[PDB]
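Here's the structure we're looking at; comments come further down.
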2 protein chains.
Amino acid sequence: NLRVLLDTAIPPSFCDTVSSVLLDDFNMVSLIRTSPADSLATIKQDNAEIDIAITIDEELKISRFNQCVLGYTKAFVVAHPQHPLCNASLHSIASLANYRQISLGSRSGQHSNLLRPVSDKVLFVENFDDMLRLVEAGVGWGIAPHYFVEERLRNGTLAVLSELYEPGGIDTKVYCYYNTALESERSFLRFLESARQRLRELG
Amino acid sequence: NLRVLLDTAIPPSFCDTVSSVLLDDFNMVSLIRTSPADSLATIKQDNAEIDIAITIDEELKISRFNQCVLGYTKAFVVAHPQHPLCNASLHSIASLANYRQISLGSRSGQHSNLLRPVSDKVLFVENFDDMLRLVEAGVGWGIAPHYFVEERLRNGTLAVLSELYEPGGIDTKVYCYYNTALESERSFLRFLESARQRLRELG
Ligand SMILES: CC(C)(C)c1nc(Cn2cnc3ccc(Cl)cc3c2=O)cs1
Ligand SMILES: CC(C)(C)c1nc(Cn2cnc3ccc(Cl)cc3c2=O)cs1
């Protein structure tokens, strides 16, 4: 019986790539979604008995847990197209610290360097849906995964601010945190191989 | 008159891409090499009067300085091919904390999250040459830029440990830190455009 944690920044297309592989080898595979803000916090509770976390969050090192890289994924800074930063201050880039950010909150109340808010005017939410709902309402700007802003950018509901900072979207590593135990069995290695190929072609 | 800082992790091929561009627009262009460990430390001294830093090091935000991404570059974990971690513990990956690291020292004595050593047994050096000299001598392992370990890996002098952690080498963003002043003049934007194209095709 195996527990796997995917944060809500991992496209749910990926979430199949593993699932088809892991059931070849394992009898029971439990998939658990979490805020990227909650991914590392969670696996650090032993009682949670997580054996794999796919998350964008980075941490020096965790107890009974090895890190590797599965691949890369995109994120944009988005705001309401009428937003002061659309074009008028767009070239400014570092203006973001002065406008209100819609940031993912953490249950733990504290954040990594990566996912810590950058503005002093912050409004915390649990998930990317809440974030973008508020961002469409012109309440603030936010950083969301590509799969969450695809539709809205085509619709013109949302506008990108990040293109000058990082053309093509903000490249973000996807880490695999894995219980040290798995490091030997060919099963885990099959999963990595597939998972890597299967997220390579999603670019 | 314009001062530009390239850390020693930026391939010196790149270091031309800019230089050909910047002299179209500027009359005097001063190129300054620094340890990636010293790049941000340096520009934070106003008396240094740096107007651009190309560095792999990341920092939340700097005074009178905006950040953007020029592109990506490779880094490998290397050790002497006889090294205990070649193959015998290679799959271990997190063993690195237990073997001696050859880390870039900083003049400032302190390091970013990114460039901070990961082993407790550290041996600091000024530059990647010293690092690899010691790594060939089997004294410890180290993380070096691709351009520095190309030859030695073909020669078999050095071996990669990083391939399971991150197939293809460790992707590392190259940031451009730029004095806020430049954000308006078309000159800087020409430089970014070129610099981005010119580092894209170096992959
Ligand atoms: C603050 C600024 C410049 C906009 C950046 N911040 C990050 C760090 N960061 C944060 N939140 C994210 C959420 C989802 C995803 Cl998919 C990625 C990120 C991310 O990289 C980078 S670039
Ligand atoms: C500790 C470990 C797992 C091996 C990693 N550390 C980094 C962070 N890091 C550090 N030193 C570097 C030097 C040159 C270059 Cl080109 C890149 C790096 C780098 O990414 C990543 S992966």
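Residue numbering restarts at 1 for every chain of the structure tokens, chains are lettered A, B, ... in their displayed order, and ligands are numbered from 1 as they appear.
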
I'd like the contact shell of residue A:11 - 9 Å cut-off, only C-alpha atoms, skipping same-chain residues fewer than 5 positions apart - returned as a ChimeraX atom specification. /A:73,145-148

Contacts to ligand 1 at 10 Å cut-off (only C-alpha atoms and all ligand atoms) as an MDAnalysis selection string: (chainID A and resid 7:11 35:37 55:57 72:78 93:94 96:97 101 103:104 112:119 128 141:148 161:162 165:166 169:174) or (chainID B and resid 60:61 67:69)

Would you mind listing what lies within 9 Å of residue A:125 as a PyMOL selection string, with only C-alpha atoms counted and same-chain residues fewer than 5 positions away left out? chain A and resi 102-106+130-131

All strand (DSSP E) positions in stretch 104-199 of chain B, as an MDAnalysis selection string: chainID B and resid 104 122:125 142:145 159:160 172:179

Chain B in the frame of chain A after Cα least-squares fit, as a tab-separated table (two decimals) with C-alpha atoms, in the first residue's frame:
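Result file result_31.tsv:
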chain	number	residue	atom	x	y	z
B	1	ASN	CA	0.00	0.00	0.00
B	2	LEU	CA	1.60	3.31	-1.24
B	3	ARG	CA	0.72	7.01	-0.50
B	4	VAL	CA	1.57	9.69	-3.12
B	5	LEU	CA	1.13	13.45	-2.72
B	6	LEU	CA	0.75	15.77	-5.74
B	7	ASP	CA	0.54	19.52	-5.04
B	8	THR	CA	-2.09	21.49	-7.02
B	9	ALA	CA	0.65	23.04	-9.26
B	10	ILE	CA	1.32	19.61	-10.95
B	11	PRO	CA	-1.00	19.36	-14.02
B	12	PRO	CA	-3.56	16.58	-13.35
B	13	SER	CA	-2.55	15.13	-16.77
B	14	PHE	CA	0.78	14.26	-15.05
B	15	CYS	CA	-1.26	12.75	-12.17
B	16	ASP	CA	-2.21	9.88	-14.66
B	17	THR	CA	1.35	9.25	-15.97
B	18	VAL	CA	2.44	7.82	-12.54
B	19	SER	CA	-0.98	6.28	-11.69
B	20	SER	CA	-0.82	3.92	-14.77
B	21	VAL	CA	2.79	2.94	-13.80
B	22	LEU	CA	2.55	2.61	-10.02
B	23	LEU	CA	-0.41	0.08	-10.26
B	24	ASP	CA	1.75	-2.27	-12.41
B	25	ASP	CA	4.03	-2.57	-9.30
B	26	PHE	CA	1.76	-1.65	-6.32
B	27	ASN	CA	-1.63	-3.12	-5.29
B	28	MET	CA	-3.00	0.00	-3.60
B	29	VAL	CA	-1.85	3.52	-4.64
B	30	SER	CA	-3.38	6.52	-2.74
B	31	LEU	CA	-3.19	9.92	-4.60
B	32	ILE	CA	-3.42	13.05	-2.30
B	33	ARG	CA	-3.72	16.69	-3.55
B	34	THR	CA	-2.31	19.50	-1.34
B	35	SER	CA	-1.45	23.24	-1.72
B	36	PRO	CA	2.17	23.63	-2.83
B	37	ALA	CA	2.29	25.62	0.49
B	38	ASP	CA	1.29	22.46	2.41
B	39	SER	CA	3.20	19.73	0.45
B	40	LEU	CA	6.51	19.71	2.47
B	41	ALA	CA	4.77	20.66	5.80
B	42	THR	CA	2.58	17.47	5.37
B	43	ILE	CA	5.27	14.80	4.57
B	44	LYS	CA	7.25	16.07	7.65
B	45	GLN	CA	4.39	14.64	9.82
B	46	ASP	CA	5.39	10.91	10.12
B	47	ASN	CA	1.77	10.00	11.10
B	48	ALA	CA	0.81	11.15	7.50
B	49	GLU	CA	2.86	8.13	6.23
B	50	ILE	CA	3.51	9.78	2.77
B	51	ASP	CA	5.99	7.74	0.63
B	52	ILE	CA	6.16	10.15	-2.39
B	53	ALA	CA	5.50	13.88	-2.83
B	54	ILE	CA	5.48	15.51	-6.30
B	55	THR	CA	5.72	19.24	-5.40
B	56	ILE	CA	7.22	22.52	-6.78
B	57	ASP	CA	8.36	23.55	-3.25
B	58	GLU	CA	12.10	23.16	-2.42
B	59	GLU	CA	13.72	22.37	0.96
B	60	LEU	CA	17.44	21.79	1.87
B	61	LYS	CA	16.76	18.20	3.17
B	62	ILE	CA	13.97	16.32	5.02
B	63	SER	CA	14.21	13.36	7.51
B	64	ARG	CA	13.85	9.83	5.93
B	65	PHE	CA	13.37	11.62	2.55
B	66	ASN	CA	15.52	11.94	-0.62
B	67	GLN	CA	14.89	14.62	-3.32
B	68	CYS	CA	15.22	14.34	-7.16
B	69	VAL	CA	13.88	16.37	-10.17
B	70	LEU	CA	10.98	14.85	-12.28
B	71	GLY	CA	10.93	17.82	-14.70
B	72	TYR	CA	9.84	21.47	-15.26
B	73	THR	CA	6.45	23.30	-15.41
B	74	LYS	CA	5.27	26.88	-16.23
B	75	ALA	CA	3.75	29.58	-14.00
B	76	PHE	CA	2.58	33.09	-14.91
B	77	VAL	CA	2.07	36.28	-12.94
B	78	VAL	CA	-1.56	37.20	-13.86
B	79	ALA	CA	-3.83	40.21	-13.01
B	80	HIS	CA	-7.15	41.74	-14.29
B	81	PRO	CA	-6.38	43.19	-17.79
B	82	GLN	CA	-7.47	46.66	-16.45
B	83	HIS	CA	-4.94	46.24	-13.57
B	84	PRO	CA	-2.49	49.17	-13.12
B	85	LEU	CA	0.44	46.82	-14.01
B	86	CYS	CA	-0.98	45.79	-17.37
B	87	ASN	CA	1.33	47.75	-19.74
B	88	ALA	CA	1.34	51.15	-17.81
B	89	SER	CA	3.86	49.78	-15.21
B	90	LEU	CA	4.43	46.39	-16.96
B	91	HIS	CA	8.11	47.21	-17.83
B	92	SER	CA	8.49	48.13	-14.05
B	93	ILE	CA	8.42	44.38	-13.04
B	94	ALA	CA	9.46	45.06	-9.35
B	95	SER	CA	6.25	47.17	-8.84
B	96	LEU	CA	4.59	43.81	-7.76
B	97	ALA	CA	5.85	44.47	-4.13
B	98	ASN	CA	3.58	47.62	-4.04
B	99	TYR	CA	0.33	46.02	-5.36
B	100	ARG	CA	-1.77	43.46	-3.43
B	101	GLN	CA	-0.74	39.80	-3.96
B	102	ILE	CA	-3.22	36.86	-3.80
B	103	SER	CA	-0.78	34.28	-2.21
B	104	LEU	CA	-1.42	30.62	-1.27
B	105	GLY	CA	-1.68	30.50	2.54
B	106	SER	CA	-0.06	27.60	4.49
B	107	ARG	CA	-1.83	25.71	7.37
B	108	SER	CA	1.61	25.85	9.10
B	109	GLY	CA	1.32	29.69	8.76
B	110	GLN	CA	4.96	29.92	7.46
B	111	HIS	CA	6.22	29.62	3.79
B	112	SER	CA	9.40	28.55	1.86
B	113	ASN	CA	11.56	31.25	0.13
B	114	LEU	CA	9.99	29.99	-3.13
B	115	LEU	CA	6.25	30.36	-2.09
B	116	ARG	CA	6.56	33.19	0.53
B	117	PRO	CA	4.57	36.27	-0.67
B	118	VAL	CA	6.59	39.19	-2.20
B	119	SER	CA	4.15	42.15	-1.56
B	120	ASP	CA	3.44	43.53	1.95
B	121	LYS	CA	-0.24	43.75	0.91
B	122	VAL	CA	-1.07	39.98	0.85
B	123	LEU	CA	-4.46	38.23	0.79
B	124	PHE	CA	-4.00	34.47	1.53
B	125	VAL	CA	-6.14	31.64	-0.05
B	126	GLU	CA	-6.21	27.76	0.19
B	127	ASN	CA	-6.04	26.94	-3.56
B	128	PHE	CA	-5.43	28.39	-7.07
B	129	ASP	CA	-9.23	28.57	-7.84
B	130	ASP	CA	-9.89	31.05	-4.97
B	131	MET	CA	-6.68	32.88	-6.02
B	132	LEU	CA	-7.80	33.45	-9.65
B	133	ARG	CA	-11.46	34.18	-8.68
B	134	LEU	CA	-10.09	37.18	-6.62
B	135	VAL	CA	-7.53	38.05	-9.42
B	136	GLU	CA	-10.41	38.22	-12.06
B	137	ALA	CA	-12.25	40.52	-9.58
B	138	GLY	CA	-9.23	42.91	-9.86
B	139	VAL	CA	-8.51	42.45	-6.07
B	140	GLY	CA	-4.78	41.71	-6.69
B	141	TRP	CA	-2.18	39.87	-8.86
B	142	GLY	CA	-1.02	36.24	-8.29
B	143	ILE	CA	1.40	33.50	-9.57
B	144	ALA	CA	-0.58	30.45	-10.86
B	145	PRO	CA	0.35	27.28	-12.72
B	146	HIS	CA	-0.05	27.28	-16.54
B	147	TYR	CA	-2.87	24.70	-16.61
B	148	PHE	CA	-5.01	27.08	-14.38
B	149	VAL	CA	-4.64	30.25	-16.55
B	150	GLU	CA	-4.69	28.60	-20.05
B	151	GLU	CA	-8.47	29.20	-20.60
B	152	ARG	CA	-8.70	32.68	-18.94
B	153	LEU	CA	-5.74	34.08	-21.02
B	154	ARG	CA	-7.41	32.93	-24.32
B	155	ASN	CA	-10.73	34.43	-22.99
B	156	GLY	CA	-8.98	37.77	-22.07
B	157	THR	CA	-10.46	37.42	-18.49
B	158	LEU	CA	-6.77	37.46	-17.27
B	159	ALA	CA	-3.50	39.07	-18.51
B	160	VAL	CA	0.19	37.98	-18.05
B	161	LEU	CA	2.64	40.39	-16.27
B	162	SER	CA	5.62	37.91	-16.23
B	163	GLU	CA	6.66	37.93	-19.97
B	164	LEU	CA	9.54	40.48	-19.62
B	165	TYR	CA	10.73	38.85	-16.30
B	166	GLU	CA	10.84	35.40	-17.98
B	167	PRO	CA	9.71	34.99	-21.61
B	168	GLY	CA	7.70	31.75	-22.10
B	169	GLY	CA	6.46	31.69	-18.51
B	170	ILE	CA	8.36	31.14	-15.23
B	171	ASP	CA	10.17	27.74	-15.37
B	172	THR	CA	9.57	25.91	-12.07
B	173	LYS	CA	11.26	22.56	-11.14
B	174	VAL	CA	9.03	19.66	-10.06
B	175	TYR	CA	10.74	17.73	-7.23
B	176	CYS	CA	10.03	14.11	-6.21
B	177	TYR	CA	10.50	13.68	-2.40
B	178	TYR	CA	10.60	9.88	-1.76
B	179	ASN	CA	10.92	7.79	1.44
B	180	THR	CA	14.56	6.57	1.53
B	181	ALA	CA	13.27	2.92	1.62
B	182	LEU	CA	12.22	3.02	-2.12
B	183	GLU	CA	15.73	3.96	-3.34
B	184	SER	CA	16.65	0.27	-4.06
B	185	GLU	CA	13.53	-1.46	-5.64
B	186	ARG	CA	13.41	-1.35	-9.52
B	187	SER	CA	9.64	-0.37	-9.11
B	188	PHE	CA	10.46	3.25	-8.04
B	189	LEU	CA	13.10	3.62	-10.87
B	190	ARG	CA	10.44	2.49	-13.49
B	191	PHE	CA	8.13	5.20	-12.06
B	192	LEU	CA	10.84	7.96	-12.31
B	193	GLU	CA	11.78	6.90	-15.91
B	194	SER	CA	8.10	7.01	-17.04
B	195	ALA	CA	7.24	10.07	-14.89
B	196	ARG	CA	10.23	11.97	-16.38
B	197	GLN	CA	9.35	11.01	-20.02
B	198	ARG	CA	5.64	11.61	-19.29
B	199	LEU	CA	6.29	15.20	-17.95
B	200	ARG	CA	9.00	15.99	-20.67
B	201	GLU	CA	6.37	15.76	-23.46
B	202	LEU	CA	3.86	17.93	-21.52
B	203	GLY	CA	6.05	21.09	-22.22

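DSSP, applied to the backbone of this structure, assigns alpha helix (DSSP H) to the following residues of stretch 22-146 of chain A: residues 22, 23, 24, 25, 36, 37, 38, 39, 40, 41, 42, 43, 128, 129, 130, 131, 132, 133, 134, 135, 136 and 146 of chain A.
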
Write a file of the just-selected residues containing N, CA and C atoms, as a compact mmCIF listing (two decimals), in the first residue's frame.
# COMPACT_ATOMS: atom_id res chain seq x y z
N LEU A 22 2.45 3.03 -11.43
CA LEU A 22 2.55 2.61 -10.02
C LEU A 22 1.66 1.38 -9.77
N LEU A 23 0.55 1.19 -10.51
CA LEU A 23 -0.41 0.08 -10.26
C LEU A 23 0.09 -1.21 -10.89
N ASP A 24 0.98 -1.11 -11.89
CA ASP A 24 1.75 -2.27 -12.41
C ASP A 24 2.46 -2.94 -11.22
N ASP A 25 3.11 -2.13 -10.38
CA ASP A 25 4.03 -2.57 -9.30
C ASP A 25 3.29 -2.67 -7.97
N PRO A 36 0.72 23.65 -2.80
CA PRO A 36 2.17 23.63 -2.83
C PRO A 36 2.71 24.13 -1.48
N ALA A 37 1.94 25.01 -0.82
CA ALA A 37 2.29 25.62 0.49
C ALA A 37 2.22 24.58 1.62
N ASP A 38 1.55 23.47 1.37
CA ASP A 38 1.29 22.46 2.41
C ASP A 38 2.05 21.17 2.11
N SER A 39 2.58 21.00 0.89
CA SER A 39 3.20 19.73 0.45
C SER A 39 4.28 19.32 1.46
N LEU A 40 5.36 20.09 1.61
CA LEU A 40 6.51 19.71 2.47
C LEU A 40 6.07 19.64 3.94
N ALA A 41 5.37 20.66 4.44
CA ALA A 41 4.77 20.66 5.80
C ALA A 41 4.17 19.28 6.13
N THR A 42 3.35 18.74 5.23
CA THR A 42 2.58 17.47 5.37
C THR A 42 3.50 16.26 5.54
N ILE A 43 4.41 16.02 4.59
CA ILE A 43 5.27 14.80 4.56
C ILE A 43 6.17 14.78 5.81
N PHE A 128 -5.60 27.53 -5.88
CA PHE A 128 -5.43 28.39 -7.07
C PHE A 128 -6.78 28.87 -7.62
N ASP A 129 -7.88 28.15 -7.37
CA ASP A 129 -9.23 28.57 -7.84
C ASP A 129 -9.59 29.88 -7.13
N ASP A 130 -9.68 29.84 -5.80
CA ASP A 130 -9.89 31.05 -4.97
C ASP A 130 -8.95 32.16 -5.45
N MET A 131 -7.66 31.85 -5.63
CA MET A 131 -6.68 32.88 -6.02
C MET A 131 -7.21 33.60 -7.27
N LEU A 132 -7.51 32.86 -8.33
CA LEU A 132 -7.80 33.45 -9.65
C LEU A 132 -9.18 34.12 -9.62
N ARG A 133 -10.12 33.56 -8.87
CA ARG A 133 -11.46 34.18 -8.68
C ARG A 133 -11.23 35.64 -8.25
N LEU A 134 -10.51 35.85 -7.15
CA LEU A 134 -10.09 37.18 -6.62
C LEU A 134 -9.26 37.99 -7.63
N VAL A 135 -8.43 37.35 -8.45
CA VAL A 135 -7.53 38.05 -9.42
C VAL A 135 -8.39 38.55 -10.60
N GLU A 136 -9.44 37.82 -10.99
CA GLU A 136 -10.41 38.22 -12.06
C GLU A 136 -11.20 39.43 -11.58
N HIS A 146 0.36 27.02 -15.15
CA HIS A 146 -0.05 27.28 -16.54
C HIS A 146 -1.44 26.68 -16.74
